[PDB]
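Chain and residue survey
Here is what each chain is made of, one letter per residue.
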Amino acid sequence: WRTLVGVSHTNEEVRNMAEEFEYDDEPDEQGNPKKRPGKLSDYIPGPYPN
Amino acid sequence: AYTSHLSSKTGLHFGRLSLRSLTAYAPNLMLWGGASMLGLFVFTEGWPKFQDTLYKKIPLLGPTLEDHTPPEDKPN
């Protein structure tokens, strides 16, 4: 997402799209799987899981 | 008159280097120090720490080196 900044959108413009997608977080204190709204450092996710 | 002896001192030396040769060489040694300092000013120009301390203080080439991207199209 961060490579889109300064080419086609602004910083606050890419942060909204990255927050619109969801990724896998580090597991919580009980070891359960956890999701997370994305940041700039993440990658653009594909539609299919495999 | 008549001179029977040759009056001379033994100079000052460290085998090869002499004090006379050092005093004859010393301003060009200062010139080579300045030339090597300009060489370091060349080969350290892209270094942003040396840009912040030294090269942005230059009158006509100083503000030339700094960028003008706002904090809206920088990712970090």
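Residue numbers count from 1 along every chain, following the sequence as written rather than necessarily the entry numbering; any residue without coordinates is not displayed. Ligands are numbered from 1 and chains lettered from A, in the order in which they are written. Because the shown chains make up only part of a larger assembly, each value pertains to the shown part and nothing beyond it. The basis for every side-chain value is the complete set of heavy atoms in the structure, and neither hydrogens nor water enter the calculation.

- In the nomenclature of the PDB entry, chain B corresponds to Cytochrome b-c1 complex subunit 10 from the organism Saccharomyces cerevisiae.
- According to its PDB record, this entry is titled "III2-IV2 mitochondrial respiratory supercomplex from S. cerevisiae".
- UniProt positions are given in the numbering used here, feature names are shortened, and annotations may be inferred rather than shown by experiment. Per UniProt, the comment on chain B under Subcellular location is "Mitochondrion inner membrane".
- The annotation that UniProt attaches to chain B under Sequence similarities is "Belongs to the UQCR11/QCR10 family."

- The PDB entry annotates chain A as Cytochrome c1, heme protein, mitochondrial of Saccharomyces cerevisiae.

1. Topic: the overall build of chain A
- Within chain A one finds one helix and two strands.
- Numbering of helices and strands runs from the N terminus, with a helix taken as a DSSP run of H or I at least four residues long and a strand as a DSSP run of E at least two residues long. The order of α-helices and β-strands along chain A, N terminus first, is α-β-β.
- Taken over C-alpha atoms, the radius of gyration is set against a globule rule of 2.2 Å times the number of residues to the power 0.38. Its C-alpha atoms give chain A a radius of gyration of 13 Å, clearly above 10 Å, the size a compact globule of 50 residues would have.
- Taken along the three principal axes of its C-alpha coordinates, chain A extends 40 × 25 × 15 Å.
- Here chain A, with 50 residues, has 20% of them falling under the buried criterion. Burial classes: relative accessible area under 20% of the type maximum marks a residue as buried, over 50% as exposed, and values in between as partly exposed (1.4 Å probe, protein chains only).

2. Some details on the overall build of chain B
- A tally of regular secondary structure across chain B gives three helices and zero strands.
- Overall, chain B shows an N-to-C arrangement of helices and strands of α-α-α.
- By the compact-globule yardstick of 11 Å for 76 residues, chain B is too spread out, its C-alpha radius of gyration being 26 Å.
- C-alpha atoms of chain B, sized along the principal axes, occupy 95 × 25 × 15 Å.
- Buried positions account for 5% of the 76 residues belonging to chain B.
- Using the Shrake-Rupley algorithm and a 1.4 Å probe, accessible areas are obtained, with residue cover drawn only from the displayed protein chains. Carbon and sulfur atoms make up 65% of the accessible area of chain B, which totals about 7,600 Å².
- Only four residue types enter the charge count, namely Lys and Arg as positive and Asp and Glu as negative; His and the chain termini do not. By convention, charge coordinates are those of NZ in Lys, CZ in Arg, CG in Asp, or CD in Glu. Seen as two clouds, the 7 positive and the 6 negative side-chain charges of chain B have centres 28 Å apart.

3. Examining the packing of aromatic side chains
All names here are of chain B.
- Aromatic pairing here means that ring centres of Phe, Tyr or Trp (its six-membered ring) are within 6.5 Å. Orientation follows from the plane angle: under 30 degrees is stacked, over 60 is edge-to-face, and everything else is tilted. Tallied over the entire structure, the rule returns three aromatic pairs over all chains.
- Ring centres of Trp47 and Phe50 lie 5.0 Å apart, and the angle between their planes is 65°; this geometry places the pair in the edge-to-face category.
- What makes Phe50 partly exposed here is its relative accessible area of 31%.

4. Remarks on the interface of chain B and chain A
- Only heavy atoms matter for contacts: two residues are in contact if any of them lie within 4.5 Å across the pair. In this complex, chain B contributes five residues to the contact, which on the side of chain A involves seven residues.
- As used here, buried area is the combined drop in accessible area, with a 1.4 Å probe, of two parts when they are placed together. Counting each side, the surface lost to burial between chain B and chain A is near 410 Å², with a carbon and sulfur contribution of 55%.
- For the chain B face of the interface with chain A, the top three residues by lost area are B:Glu72, B:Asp73 and B:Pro75, together amounting to 86%.
- For this document, the term salt bridge refers to a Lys or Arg side-chain nitrogen within 4 Å of an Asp or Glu carboxyl oxygen. Linking chain B with chain A are zero salt bridges.
- Counting of polar contacts relies on pairs of N or O atoms within 3.5 Å, with two restrictions inside protein: one atom must be capable of donating a hydrogen and the other of accepting it, and residues adjacent in sequence are counted only when both atoms are side-chain atoms. Counting across the interface, chain B meets chain A through one residue pair in polar contact.
- In this classification, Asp, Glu, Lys and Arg are treated as charged, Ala, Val, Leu, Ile, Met, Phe, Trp, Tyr, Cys and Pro as nonpolar, and every other residue, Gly included, as polar. The residue inventory of the side of chain B that touches chain A, partitioned by class, reads two nonpolar, no polar and three charged.

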